[PDB]
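Working notes for the structure below.
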Amino acid sequence: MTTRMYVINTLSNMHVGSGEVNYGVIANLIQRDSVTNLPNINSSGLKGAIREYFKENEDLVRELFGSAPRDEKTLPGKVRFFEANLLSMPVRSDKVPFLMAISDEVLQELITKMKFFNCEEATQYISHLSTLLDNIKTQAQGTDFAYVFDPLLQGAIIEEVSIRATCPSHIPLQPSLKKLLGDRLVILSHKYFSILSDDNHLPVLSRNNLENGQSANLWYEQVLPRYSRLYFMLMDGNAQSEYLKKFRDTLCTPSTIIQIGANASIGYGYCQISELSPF
Amino acid sequence: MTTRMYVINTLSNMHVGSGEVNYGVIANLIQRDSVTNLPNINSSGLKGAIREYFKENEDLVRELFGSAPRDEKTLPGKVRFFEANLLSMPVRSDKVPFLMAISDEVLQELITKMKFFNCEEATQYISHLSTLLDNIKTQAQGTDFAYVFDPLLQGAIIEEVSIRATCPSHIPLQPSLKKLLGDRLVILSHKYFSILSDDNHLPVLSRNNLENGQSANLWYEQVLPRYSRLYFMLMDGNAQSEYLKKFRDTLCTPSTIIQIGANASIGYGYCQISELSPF
Amino acid sequence: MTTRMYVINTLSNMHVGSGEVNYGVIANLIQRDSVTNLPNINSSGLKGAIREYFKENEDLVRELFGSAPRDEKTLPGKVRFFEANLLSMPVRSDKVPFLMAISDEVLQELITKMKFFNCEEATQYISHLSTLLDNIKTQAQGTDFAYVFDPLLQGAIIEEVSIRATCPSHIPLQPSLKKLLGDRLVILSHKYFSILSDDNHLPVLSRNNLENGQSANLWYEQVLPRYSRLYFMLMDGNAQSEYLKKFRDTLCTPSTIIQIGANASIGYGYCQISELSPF
Amino acid sequence: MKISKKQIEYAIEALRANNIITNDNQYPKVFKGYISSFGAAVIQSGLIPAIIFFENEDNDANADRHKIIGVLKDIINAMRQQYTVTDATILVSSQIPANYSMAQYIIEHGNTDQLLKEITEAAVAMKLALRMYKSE
Amino acid sequence: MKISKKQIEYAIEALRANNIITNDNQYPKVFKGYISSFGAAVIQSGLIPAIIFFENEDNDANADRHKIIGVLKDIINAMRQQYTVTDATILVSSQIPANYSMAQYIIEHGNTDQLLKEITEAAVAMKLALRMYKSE
């Protein structure tokens, strides 16, 4: 009722514009965290996307997100959105189409942020995540690692950095951890995860503008690969129970799709928000 | 009603450039999926091609695709165009001129996309596709497989991957699945399809430029084989029903051919668009 | 007035060389279609040859084919050239010098192409070609076949002792179909036609290079046999009626011979282009 | 047409087995011309004429010219050894008897396209494998 | 396939080492075509046939075409060095012996996926590095 974790689970390729000056080839770049240089979505972007989804519900938007711009009533929003951090990203493999890549440092940051925010039903999650991390560190013994949790997925190749994923047959992965971190999950060092999510490895697309067969303009766009998983913390202030319940149920309904990103008409940034479950 | 699946049946060899400097043999490469690395059409290219077809109907393109690049007023597009992912590809055979190749992972991705987006006729297609996939997994028992559903196609060879397709008599292929996935359909493992769809097995064509009979340049182009099939989602916003109905009628008319990609003057990328038929 | 089918009647041997390093017997192979593996002329080569023929008329070439490679402005091509797929191939016999060989799958591809592209005179051709196809399939009942439409050509050896011709006295071959497909027409099973049209059975020509009467090099060249028939589709864009009429009149006159492919100086690839006659 | 590394391995083994590549990894220079001529004869005249020409042992040629036909049979046998049960129903997976005449084997088995494809594969493999070695 | 500067330096050193670049910074003009055609031969014929064709020393070529295979081996060996050795790494950082020919090494060591990638990148580096010199 105070702090709930939400997972984004993008269905398409996301482009959230950083709006910063460019030194390089890609004219349009995606947002990244200043400290970790990991892809992220600003709280303003999340609030805007969810507000646009709920725009037809005037009362719900007014109660949760607040007054519209250039409206004279000046109503603050009862809901505080926190920055969305990249949890899991798809990674090209050979045994399977892609792999769910979660780095040990992102797991540590998730545990730290769960402890800091005291997320709802996060005690068991923190305990089990810490057991997973401790077992991973025990197996790794300070060396770089790539750990899968399916016996079928052992020996998978991460193409970009050329590392083989081994299966630690002594570490358990609880079902709720599969539901959170993703299916076909590989755990690797942050050294490899940084390479897998830098500006040279995540997709770059060329885009054109044609005028009776004449190319008027040329530029390049970079996007976040689809099926990527991002987590953000929602602080539900002491608000109306009915509007909070309606908003939570609509967000968690599998029929909902939220567009966070730029290129809406060409299907960029459509996502499915899910809140943390028990365990 | 919002989300419908459209199948792209290419009538020619398609080339959708990626704008990537290869520095190797194949200077001109085709676009590939961000996560699955399968050949695809970016939704920007799809939108541009379909807009170019409908450029005569200025009202329709203004209402659906939006305002022209040079326009004092800006009008966001109402229709959402999703990227066209490869569904089935023609593979060289011996008994028949070619087979329609699909991988079990492509089928899983199709089922997942229909579940997430809830296409118009999603329920029956998901049910029958899941039954087909479960039967395939039961028959294969974790091995490499190649299954054809006509008894006359038993032992048909795939030229690029020197394997012969078996006939599992227990698995039925429903006629609507035949209409969706293509006639003379072969289902094989992800390894086989990945080898069939990599850069070394896709059709690469040599081209040159002659100046008074002397060769001036020389480059290699790769193309997506003719009669390939691709699927993409179309989500309508608050689009007017009249223009939407005209759009669907003109798009799915058998007389309608759309050019997507490059090399238009040499007949590259001419396609037909059809909706998801009721099951 | 938009889409037209043209038949290429080659007055000599044709070598449209593919960019291919074959380390076997044939050093220089011809281009084969990316799907059916049948000999074909790439649309780029056909467009280049036809543009070379019309190079004297600067206005016609500029309006129909586009601008020259070395030009400050580039003009998109207006007329669309589709690749020339094989229709009829002469096959050596014992009763007759050569018969025109077509396959049931080639006929199916022709019917499908005519249906999809909507040629000018496509309706009657589609109807009669279809009826012929069902008659042939009804007679064959799955087994391999070689069907001639002259009772005199019975028992003819179609280039191989295994392939013997029989006359089914229930299938009428209409005069217009005879004009389109060839005078002495034999329709073969796909197995037979692929055996006759593969790299081990296509005509090969031996060439050597002499230095002061002594041989320096020696290589083998694959050629498409003389009087072969290939069909390609021409799409009129938004081109002017006058230039289009001049182009069609010049292309379809009996005194027009166009050079397509390689070895122009030694007589390879001189062709006559004929428009689809009304049925 | 793309020659597999397995085919090249079979060609190397067969060339060593039918005493063509010496123990010093060298071969008589005339065998390269022999293999090129066999390929040309196969494509021009046919399988039966070329195999009959190169199966002869009363030929007064400068070397044992039947050795390439022996190597051909060895390569085809090795190819047919690795046939799958799916292939065995369509293709003739039987091992060609050693003493059996290759031309007689082709003739008694018709003139099927399978034998022609196997012969062409093995000829190109022989060409490449010979190119891998030195010609003293 | 972005330009890898380290592979370019490897290509420079290997081109100088296998007597392609003369003391005056010039090379036989035909080597340009050799490097350009090797990549196409690898892509559309197979890695083993292309290597065998370019490794042959009994060729009627205007220059020593087999020098490019030695340069390729030198670049590949330099890349095997400076490989981050760890338990998870797929890449085999084992150097190709000088006595073994390149065709044999890929034949005996049947993991072509690494070799194919290394050979393609080394050929691209070759072609890009040959442009620093005069095309005599």
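As shown in the structure tokens, the chain order sets the letters A, B, ...; within each chain, residues go from 1, and ligands are also counted from 1 in the order they appear.
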May I have a table of the residues of chain D lying at most 7 Å from chain E, giving each one's closest pair of atoms and their distance in Å to one decimal, counting only C-alpha atoms, ordered by chain and ascending residue number, as a tab-separated table?
```
residue	atom	partner	partner_atom	distance
D:2	CA	E:45	CA	5.7
D:5	CA	E:48	CA	6.6
D:128	CA	E:52	CA	6.6
D:131	CA	E:56	CA	6.1
D:132	CA	E:52	CA	5.8
```
Suppose we keep C-alpha atoms; can you now write the selection as a JSON list (two decimals), in the first residue's frame?
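Output saved as selection_21.json:
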```
[["chain", "number", "residue", "atom", "x", "y", "z"],
["D", 2, "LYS", "CA", 28.94, -26.60, -52.03],
["D", 5, "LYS", "CA", 34.50, -30.72, -45.41],
["D", 128, "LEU", "CA", 39.96, -29.95, -54.31],
["D", 131, "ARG", "CA", 44.78, -29.22, -55.04],
["D", 132, "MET", "CA", 45.53, -29.47, -51.31]]
```
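Taken over all Cα atoms in order, the superposition of chain E onto chain D returns an RMSD of 1.3 Å.
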- Please report, as a count of residues only, each residue of stretch 20-215 of chain A to which DSSP assigns alpha helix (DSSP H) when run on this structure's backbone. 64
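The interface of chain D with chain C at 6 Å, considering only C-alpha atoms, consists of residues 39, 43 and 124 of chain D.
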- Message: Residues within 8 Å of stretch 71-80 of chain D, please, as a ChimeraX atom specification. Count only C-alpha atoms; anything in the same chain fewer than 4 positions from it doesn't count.
- Response: /D:7,10-11,14-15,17-18,67,92-96,102,118-119,122-123,126
Mind writing the picked residues with N, CA, C and O atoms as a PDB file, in the first residue's frame?
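Final output, saved to out35.pdb:
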```
ATOM      1  N   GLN D   7      33.204 -34.426 -47.192  1.00  0.00           N
ATOM      2  CA  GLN D   7      33.519 -34.967 -48.510  1.00  0.00           C
ATOM      3  C   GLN D   7      35.004 -34.827 -48.821  1.00  0.00           C
ATOM      4  O   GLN D   7      35.611 -35.732 -49.402  1.00  0.00           O
ATOM      5  N   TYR D  10      36.783 -37.535 -46.906  1.00  0.00           N
ATOM      6  CA  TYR D  10      36.645 -38.814 -47.597  1.00  0.00           C
ATOM      7  C   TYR D  10      37.544 -38.876 -48.822  1.00  0.00           C
ATOM      8  O   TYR D  10      38.153 -39.912 -49.102  1.00  0.00           O
ATOM      9  N   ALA D  11      37.629 -37.774 -49.571  1.00  0.00           N
ATOM     10  CA  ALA D  11      38.488 -37.736 -50.748  1.00  0.00           C
ATOM     11  C   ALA D  11      39.951 -37.914 -50.370  1.00  0.00           C
ATOM     12  O   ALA D  11      40.688 -38.638 -51.044  1.00  0.00           O
ATOM     13  N   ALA D  14      40.501 -41.542 -49.422  1.00  0.00           N
ATOM     14  CA  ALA D  14      40.463 -42.417 -50.590  1.00  0.00           C
ATOM     15  C   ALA D  14      41.702 -42.245 -51.460  1.00  0.00           C
ATOM     16  O   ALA D  14      42.222 -43.223 -52.009  1.00  0.00           O
ATOM     17  N   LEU D  15      42.185 -41.008 -51.605  1.00  0.00           N
ATOM     18  CA  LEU D  15      43.404 -40.776 -52.370  1.00  0.00           C
ATOM     19  C   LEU D  15      44.594 -41.455 -51.714  1.00  0.00           C
ATOM     20  O   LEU D  15      45.452 -42.022 -52.401  1.00  0.00           O
ATOM     21  N   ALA D  17      44.297 -44.109 -49.772  1.00  0.00           N
ATOM     22  CA  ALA D  17      44.045 -45.547 -49.747  1.00  0.00           C
ATOM     23  C   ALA D  17      44.343 -46.194 -51.092  1.00  0.00           C
ATOM     24  O   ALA D  17      44.943 -47.275 -51.143  1.00  0.00           O
ATOM     25  N   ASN D  18      43.929 -45.570 -52.192  1.00  0.00           N
ATOM     26  CA  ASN D  18      44.242 -46.130 -53.506  1.00  0.00           C
ATOM     27  C   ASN D  18      45.551 -45.567 -54.051  1.00  0.00           C
ATOM     28  O   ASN D  18      45.649 -45.185 -55.215  1.00  0.00           O
ATOM     29  N   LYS D  67      42.812 -45.582 -60.827  1.00  0.00           N
ATOM     30  CA  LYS D  67      42.836 -45.218 -59.417  1.00  0.00           C
ATOM     31  C   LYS D  67      41.829 -44.124 -59.097  1.00  0.00           C
ATOM     32  O   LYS D  67      41.301 -44.083 -57.982  1.00  0.00           O
ATOM     33  N   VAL D  92      19.581 -44.819 -52.374  1.00  0.00           N
ATOM     34  CA  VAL D  92      20.138 -46.164 -52.325  1.00  0.00           C
ATOM     35  C   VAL D  92      21.378 -46.092 -51.443  1.00  0.00           C
ATOM     36  O   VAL D  92      22.445 -45.656 -51.883  1.00  0.00           O
ATOM     37  N   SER D  93      21.240 -46.517 -50.190  1.00  0.00           N
ATOM     38  CA  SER D  93      22.315 -46.399 -49.213  1.00  0.00           C
ATOM     39  C   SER D  93      23.264 -47.588 -49.213  1.00  0.00           C
ATOM     40  O   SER D  93      24.211 -47.599 -48.419  1.00  0.00           O
ATOM     41  N   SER D  94      23.036 -48.580 -50.069  1.00  0.00           N
ATOM     42  CA  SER D  94      23.875 -49.768 -50.086  1.00  0.00           C
ATOM     43  C   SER D  94      25.314 -49.417 -50.446  1.00  0.00           C
ATOM     44  O   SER D  94      25.579 -48.570 -51.302  1.00  0.00           O
ATOM     45  N   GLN D  95      26.247 -50.085 -49.777  1.00  0.00           N
ATOM     46  CA  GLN D  95      27.669 -49.918 -50.035  1.00  0.00           C
ATOM     47  C   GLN D  95      28.023 -50.636 -51.328  1.00  0.00           C
ATOM     48  O   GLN D  95      27.672 -51.806 -51.510  1.00  0.00           O
ATOM     49  N   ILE D  96      28.711 -49.934 -52.223  1.00  0.00           N
ATOM     50  CA  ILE D  96      29.075 -50.471 -53.531  1.00  0.00           C
ATOM     51  C   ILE D  96      30.134 -51.546 -53.312  1.00  0.00           C
ATOM     52  O   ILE D  96      31.162 -51.265 -52.673  1.00  0.00           O
ATOM     53  N   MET D 102      32.352 -50.365 -61.467  1.00  0.00           N
ATOM     54  CA  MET D 102      31.581 -49.154 -61.212  1.00  0.00           C
ATOM     55  C   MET D 102      30.624 -48.855 -62.359  1.00  0.00           C
ATOM     56  O   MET D 102      29.464 -48.493 -62.131  1.00  0.00           O
ATOM     57  N   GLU D 118      26.128 -38.045 -56.930  1.00  0.00           N
ATOM     58  CA  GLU D 118      27.218 -38.562 -56.107  1.00  0.00           C
ATOM     59  C   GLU D 118      28.548 -38.514 -56.851  1.00  0.00           C
ATOM     60  O   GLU D 118      29.576 -38.135 -56.277  1.00  0.00           O
ATOM     61  N   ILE D 119      28.545 -38.884 -58.133  1.00  0.00           N
ATOM     62  CA  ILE D 119      29.768 -38.854 -58.929  1.00  0.00           C
ATOM     63  C   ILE D 119      30.289 -37.430 -59.060  1.00  0.00           C
ATOM     64  O   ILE D 119      31.494 -37.188 -58.947  1.00  0.00           O
ATOM     65  N   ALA D 122      31.811 -36.318 -55.744  1.00  0.00           N
ATOM     66  CA  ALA D 122      33.088 -36.963 -55.476  1.00  0.00           C
ATOM     67  C   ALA D 122      34.178 -36.461 -56.416  1.00  0.00           C
ATOM     68  O   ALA D 122      35.341 -36.355 -56.019  1.00  0.00           O
ATOM     69  N   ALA D 123      33.825 -36.144 -57.663  1.00  0.00           N
ATOM     70  CA  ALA D 123      34.808 -35.598 -58.595  1.00  0.00           C
ATOM     71  C   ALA D 123      35.301 -34.230 -58.145  1.00  0.00           C
ATOM     72  O   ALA D 123      36.508 -33.956 -58.178  1.00  0.00           O
ATOM     73  N   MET D 126      37.544 -34.737 -55.193  1.00  0.00           N
ATOM     74  CA  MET D 126      38.854 -35.210 -55.629  1.00  0.00           C
ATOM     75  C   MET D 126      39.693 -34.064 -56.168  1.00  0.00           C
ATOM     76  O   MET D 126      40.888 -33.962 -55.868  1.00  0.00           O
TER      77      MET D 126
END
```
- Item | Within 8 Å of chain B: residues of chain C, using only C-alpha atoms, as JSON, numbers by chain | {"C": [18, 19, 34, 35, 36, 37, 43, 44, 47, 65, 76, 77, 78, 79, 80, 81, 82, 83, 105, 116, 117, 118, 190, 191]}
May I have the residues from that selection written out with C-alpha atoms, as an mmCIF file, in the first residue's frame?
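Result written to again.cif:
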```cif
data_model
loop_
_atom_site.group_PDB
_atom_site.id
_atom_site.type_symbol
_atom_site.label_atom_id
_atom_site.label_comp_id
_atom_site.auth_asym_id
_atom_site.auth_seq_id
_atom_site.Cartn_x
_atom_site.Cartn_y
_atom_site.Cartn_z
ATOM 1 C CA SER C 18 26.068 -15.141 -61.960
ATOM 2 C CA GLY C 19 28.723 -13.941 -59.589
ATOM 3 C CA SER C 34 16.434 -17.637 -55.889
ATOM 4 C CA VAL C 35 13.349 -19.816 -55.253
ATOM 5 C CA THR C 36 12.710 -22.331 -58.055
ATOM 6 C CA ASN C 37 16.401 -22.638 -59.074
ATOM 7 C CA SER C 43 15.727 -7.503 -63.424
ATOM 8 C CA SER C 44 18.812 -5.289 -63.138
ATOM 9 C CA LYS C 47 16.808 -3.153 -67.397
ATOM 10 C CA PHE C 65 14.576 4.175 -67.011
ATOM 11 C CA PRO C 76 13.643 7.819 -60.342
ATOM 12 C CA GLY C 77 12.844 5.227 -62.965
ATOM 13 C CA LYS C 78 9.215 5.221 -64.059
ATOM 14 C CA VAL C 79 8.884 1.798 -65.719
ATOM 15 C CA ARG C 80 9.301 -1.262 -63.493
ATOM 16 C CA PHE C 81 11.219 -4.257 -64.856
ATOM 17 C CA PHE C 82 10.581 -7.670 -63.325
ATOM 18 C CA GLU C 83 12.973 -10.592 -63.544
ATOM 19 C CA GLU C 105 5.138 -26.400 -61.669
ATOM 20 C CA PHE C 116 -1.256 -11.835 -58.808
ATOM 21 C CA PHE C 117 0.014 -9.239 -61.289
ATOM 22 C CA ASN C 118 -3.126 -8.921 -63.475
ATOM 23 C CA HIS C 190 8.787 -31.480 -62.011
ATOM 24 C CA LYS C 191 11.265 -34.299 -61.373
#
```
- Message: So that I can check the secondary structure, give me every residue of stretch 155-277 of chain B assigned strand (DSSP E) by backbone DSSP, as a PyMOL selection string.
- Response: chain B and resi 157-158+163-164+185-188+204-211+214-222+229-236+258-259+270-275
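Here atom CA of residue A:216 and atom CA of residue B:51 stand 16.5 Å from one another.
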- Between atom CA of residue C:122 and atom CA of residue C:241, what is the distance, to one decimal in Å? 21.9 Å
